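Only the coordinates and a few stated rules stand behind these numbers; no lab work does. Every residue, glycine as well, gets a Cβ built from its backbone with ideal geometry; the counts of neighbours run over all protein chains shown.
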2 protein chains.
Amino acid sequence: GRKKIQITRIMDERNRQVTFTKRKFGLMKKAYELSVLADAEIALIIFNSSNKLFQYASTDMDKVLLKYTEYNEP
Amino acid sequence: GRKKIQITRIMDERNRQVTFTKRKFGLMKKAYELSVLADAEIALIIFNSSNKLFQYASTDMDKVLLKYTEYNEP
DNA sequence: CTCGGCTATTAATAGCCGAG
DNA sequence: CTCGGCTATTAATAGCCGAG
C-alpha cells in the first residue's frame, strides 16, 4: 500500500526478503479468512528459505494426499 | 471493497457463492503474484462445490508429495 | 424467483527513519 | 553496513441494477 508495486522480484536482497515475510504470514492469513467465508477445501504449504514449514487446511489435508493422488492417476 | 466485510459465512446462499468465486480466482491470482515477487515454494489446491480442480505450484508440487510426506513421517 | 455484467471502497501489503 | 518497529496507500474484493 505505501506504494504501487510491480509483479517482479525485488533486486534489493534486504527488501526482497521483507516483501515475502509480509505475504508469507499475510497469505496464510487468507487461507483462514477465505476458509471462514465459504469453508472451502484449500491446501496451503510454504517453505520459507529461513527454514519454516507451515501447513493450513480447512478440509483436513489428509484427503489432499489421497485425493490429489487420484487426479495424478491416469 | 464496496463495503467492509466481516469474516463470517454469508447466510445468503446466492451471495455466499458469489464471494467464494471472487476469492477462488482472486486467490490463485496471489499464488502467481506472490510467486513472482519471491519465487517461493507454495502449494495451492482448491475444490469448488461447482466441481473445479485447480493446482498451482511455483516449486513443482512433485516435491510437495514426497516432501510433505517427510514432515508427516515421525 | 433468479442471474449476470460492470464498478467503488477498505484491508493488508510495502515501505521508511533512527541507532549501534 | 545492517536491522527492526510502526504506519499510509492501491489493488482486489463484494457488491448492486435491470431483464425475462
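Sequentially through segment A:32-46, phi angles give Karplus couplings (6.51, -1.76, 1.60; θ = phi - 60°) of 7, 5, 4, 5, 6, 6, 9, 6, 8, 8, 9, 9, 10, 10, 10 Hz, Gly and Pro residues having no value and appearing as x.
From largest to smallest, the equivalent ellipsoid semi-axes obtained for segment B:12-74 from the alpha-carbon gyration tensor read 27, 16, 9 Å.
Mind checking chain A for trypsin sites (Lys or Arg not before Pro) that DSSP puts in a loop (not H, G, I, E or B) and that have at most 16 other Cβ atoms within 10 Å? Those that pass, being in a loop and sparsely packed, are A:2, A:3, A:4, A:9.
Database remark: amide H of residue B:46 closer than 5 angstrom to the amide H of B:54 (H placed geometrically; neighbours at sequence offset of 5 or more, or on other chains; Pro and chain starts carry no H).
Rounded to the nearest 10 degrees, the inclination of helix A:61-71 to the longest alpha-carbon principal axis of chain A is 80 degrees. In the calculated pair-distance distribution of the protein assembly as shown, the portion above 27 angstrom amounts to 26 percent of the Cα-Cα pairs.
Taking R0 as 41 Å, what FRET efficiency do you get between residue B:51 and residue A:25 from their Cβ-Cβ distance, rounded to the nearest 0.05? After rounding, the FRET efficiency stands at 0.80. Annotation: amide H-H contacts under 5 Å for residue B:59 (H modelled 1.01 Å from N, sequence separation of 5 or more, or interchain): B:42. Per-residue ellipticity at 222 nm computed for chain A from its helices equals -17000 deg cm²/dmol, with DSSP H segments shorter than 4 residues left out and the rest contributing -39,500 (n - 2.57).
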